[PDB]
There are 2 protein chains.
Amino acid sequence: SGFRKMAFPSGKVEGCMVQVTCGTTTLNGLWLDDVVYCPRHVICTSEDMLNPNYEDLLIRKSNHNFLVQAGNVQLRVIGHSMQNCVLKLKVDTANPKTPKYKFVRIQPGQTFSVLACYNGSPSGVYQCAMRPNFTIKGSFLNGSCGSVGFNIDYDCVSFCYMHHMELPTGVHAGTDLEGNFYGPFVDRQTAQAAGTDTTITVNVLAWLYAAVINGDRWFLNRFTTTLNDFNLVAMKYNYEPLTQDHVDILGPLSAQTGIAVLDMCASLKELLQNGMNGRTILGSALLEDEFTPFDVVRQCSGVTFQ
Amino acid sequence: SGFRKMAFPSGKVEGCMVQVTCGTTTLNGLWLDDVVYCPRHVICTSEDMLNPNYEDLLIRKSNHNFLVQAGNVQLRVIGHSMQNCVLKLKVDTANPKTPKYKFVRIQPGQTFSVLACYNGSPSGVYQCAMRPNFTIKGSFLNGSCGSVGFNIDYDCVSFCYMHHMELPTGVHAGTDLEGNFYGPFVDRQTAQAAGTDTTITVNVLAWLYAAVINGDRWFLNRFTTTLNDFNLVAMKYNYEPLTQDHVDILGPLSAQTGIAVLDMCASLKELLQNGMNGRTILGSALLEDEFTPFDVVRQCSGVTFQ
Ligand SMILES: O=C1CC(C(=O)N2CCN(c3ccc(CO)c(Cl)c3)CC2)=NC(=O)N1
Ligand SMILES: O=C1CC(C(=O)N2CCN(c3ccc(CO)c(Cl)c3)CC2)=NC(=O)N1
């Protein structure tokens, strides 16, 4: 029993984190095989941050301008190239702790674990979701750029995020591991703002199923709504509309509890219109939307990893 | 910026988790040097759980009754002994991934990271606090016994908790690594209940300082209370009393924000008597008490580990 914000074990990722220094700028890099991945703005100075020309800045650099450290061992850079907003540093030594990995781009609403690092040293791990406005509500300080987000499928590490910058509203933006930004953001210190965020409805429903599994049932009722009558109320409260695919994803949770998806939607509709009236659900007084249906199944059924 | 439930990187602990089987019972073990630590109830059957005599049960066992697996490698048990509620299995191979470690017993109110495991395989990591009633609000399923809690100081792993059982109210109880239970619990399936829980006041104050650092200031005021006038209100709402040592611990947070501790206590006193009125603090509609003053400093100043 119980329900926690659970992150993946970070051991397989800790061994891939390195320190990358170019000039007086130092951030984190991802060392896989003989390639080190890091944000390309590591080659920027104070004069370039507002209007950088990464083509010019990179052409004026050589391999010896990049200092890469794996703990105390120095990695000799034997080549460099730029793929979108990510810099790829070819090194002479292949990382012997390279796990089975792949590069995946996630969708809004999906969750992943973040290994926050500083000077190539892991500092902490936490779970977060990609928001519908393509930002994440992370916890990052100065020097955290290059920190990566990941999921673990069986024995394979799926890298999905590399941290690049913090927006003025305190939220964070980054790219996938191919260098392509999540959302309409660019890696230059211009006045960029994120669009309006919305609540991930399918995640709230999955979180309500986790509550029923753990004994919280006070919000239930015997009513039933349709998918269109629910979406009319949901859009009023800035909730993402619910689709038939979302219903099918919630299948296993509905079977384990014996509560149909449209039944639970009627309970969520009541919680949106009347509030929670000082009561709590799984120790929260707000509706949580950063647990996917898979996160609930994994935590309420117990699947490990190799 | 930002504030998350952040756990320690679990890499150094993942390499110490093994699978321990005795009869038809399988749980997790901690492999440090040539010793494997696991809960002693692994030697119990169905007939013994309600009234076990661990002296008799252990004397009727031999070294070959214990099957220890580190992944696929089998560890030959060359000796066994019992220290309080923990079984110590001497094996022929010393764990080459043994980090610098120590065994520490934590106090109520302190936090630690939990590496939840099943069949010796890590499944997830999360942060939790030792409650004033010596339980933890964990997330554990069947087979999680032997999972350990830990903190990381510099390069040293401080083990502080080993999971033993879940109580009927859904909370969890365990021992330190010397086998001594936290709280008045025993490892037999009798009807045990935890005492009344209270809110960790010093942790709430530390969490309020984290909010001010991150831009949440709506709850502040210019009033100031005394330590005794605050404790009179706190005990009314089942809050732990505040001591002068708690004030000194909050020193660095008060200096960084320029808000005295007694000033913040006046704000907490108002939040307890009037509620939050539908407003949120750091994305929560409740007062969070599972962040220590050290957790806030570490996340709002960025200290890594070796
Ligand atoms: O999330 C964070 C990250 C963070 C941090 O280390 N930064 C801020 C972003 N910065 C940067 C430099 C150049 C360019 C373009 O040349 C860009 Cl776009 C960004 C690197 C240093 N500080 C925080 O406070 N929070
Ligand atoms: O936290 C958890 C742990 C858990 C779990 O694996 N257990 C439950 C406790 N159990 C046990 C066996 C014998 C004795 C004394 O002989 C005792 Cl005290 C406990 C071992 C198996 N299942 C859950 O659902 N939650």
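Quick reminder, even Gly has a Cβ in these numbers, built from the backbone with ideal geometry, and neighbours come from all protein chains shown. FYI, it's all coordinate maths here, none of it is from the lab.
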Original post:
Which one is nearest to B:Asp289 (Cα to Cα) among residues in region A:275-306 that are part of a helix (DSSP H, G or I) and more than 10 Å from chain B (Cβ to nearest Cβ)?
Top reply: A:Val296
Original post:
Take the residues of region B:93-116 that are assigned to a loop (DSSP other than H, G, I, E, B) and within 12 Å of chain A (Cβ to nearest Cβ): which is surrounded by the fewest Cβ atoms within 10 Å (Cβ to Cβ)?
Top reply: B:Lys97
**OP:** Return the total of residues in region B:172-193 being in a loop (DSSP other than H, G, I, E, B) and either crowded, with 22+ Cβ neighbours inside 10 Å or of a type outside the set (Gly, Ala, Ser) (or both).
**Re:** 13
Original post:
Any idea which of (1) under 20 Å from A:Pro39 (Cβ atoms); (2) in contact with a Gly (Cβ under 8 Å, 6 or more places away or on another chain) is the one A:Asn133 doesn't satisfy?
Top reply: (1)
Original post:
Do we find that B:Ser62 is within 14 Å of chain A (Cβ to nearest Cβ) and more than 20 Å from the chain's Cα centre (by Cα) in this structure?
Top reply: no
Original post:
Does region B:168-182 include one or more residues that are within 14 Å of another protein chain (Cβ to nearest Cβ) and touching a helix residue (DSSP H, G or I) at 6+ places or on another chain (Cβ under 6 Å)?
Top reply: no
**OP:** Assess whether A:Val202 counts as being among the hydrophobic types (A, V, I, L, M, F, W, C), surrounded by 13 or more Cβ atoms within 10 Å (Cβ to Cβ) and within 14 Å of another protein chain (Cβ to nearest Cβ).
**Re:** no
**OP:** Kindly check whether there is at least one residue in region A:215-227 that is away from every other protein chain (no Cβ under 14 Å), in contact (Cβ under 8 Å) with a residue 60 or more places away in the chain and surrounded by fewer than 18 Cβ atoms within 10 Å (Cβ to Cβ).
**Re:** yes
Original post:
When both residues are 6+ apart or on different chains and their Cβ atoms are under 9 Å apart, which pairs have a first residue that lies in region B:34-57 and is more than 14 Å from chain A (Cβ to nearest Cβ), and a second that is assigned to a helix (DSSP H, G or I) and within 16 Å of ligand 1 (Cβ to nearest atom)?
Top reply: none
Original post:
Just a yes or no: is a residue in region A:17-28 surrounded by 17 or more Cβ atoms within 10 Å (Cβ to Cβ), within 14 Å of another protein chain (Cβ to nearest Cβ) and either within 16 Å of ligand 2 (Cβ to nearest atom) or more than 21 Å from the chain's Cα centre (by Cα) (or both)?
Top reply: yes
Original post:
Would you pick out the residues in region A:58-108 that are of a type in the set (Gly, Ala, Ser) and within 19 Å of A:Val157 (Cβ to Cβ)?
Top reply: A:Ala70, A:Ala94
**OP:** Evaluate region B:136-152: report whether one residue or more is farther than 21 Å from B:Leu87 by Cα, more than 10 Å from the chain's Cα centre (by Cα) and more than 11 Å from chain A (Cβ to nearest Cβ).
**Re:** no
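Do you know which of the residues in region A:228-241 that are polar (S, T, N, Q) and farther than 19 Å from A:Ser284 by Cβ is surrounded by the fewest Cβ atoms within 10 Å (Cβ to Cβ)? Full working, then the answer.
To start, the set of residues in region A:228-241 that are polar (S, T, N, Q) comprises A:228, A:231, A:238.
Within this subset, residues satisfying the condition of being farther than 19 Å from A:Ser284 by Cβ are A:228, A:231.
Details: A:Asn228: 9, A:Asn231: 18.
Filtering first and then ranking leaves A:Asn228.
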**OP:** Check whether at least one residue in region B:117-129 is more than 10 Å from chain A (Cβ to nearest Cβ) and either without any contact (Cβ under 8 Å) to a residue 40 or more places away in the chain or out of contact with any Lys or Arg (no Cβ under 9 Å at 6 or more places or on another chain) (or both), and report yes or no.
**Re:** no
Subject >> Boolean, A:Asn72 is without any contact (Cβ under 8 Å) to a residue 24 or more places away in the chain, surrounded by fewer than 17 Cβ atoms within 10 Å (Cβ to Cβ) and in contact with a strand residue (DSSP E or B) (Cβ under 9 Å, 6 or more places away or on another chain) >> reply: no
Subject >> Filtered residues of region B:59-83 (kept if within 17 Å of B:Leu27 (Cα to Cα) and aliphatic (A, V, I, L, M)) >> reply: B:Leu67, B:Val68, B:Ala70, B:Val73, B:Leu75, B:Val77, B:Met82
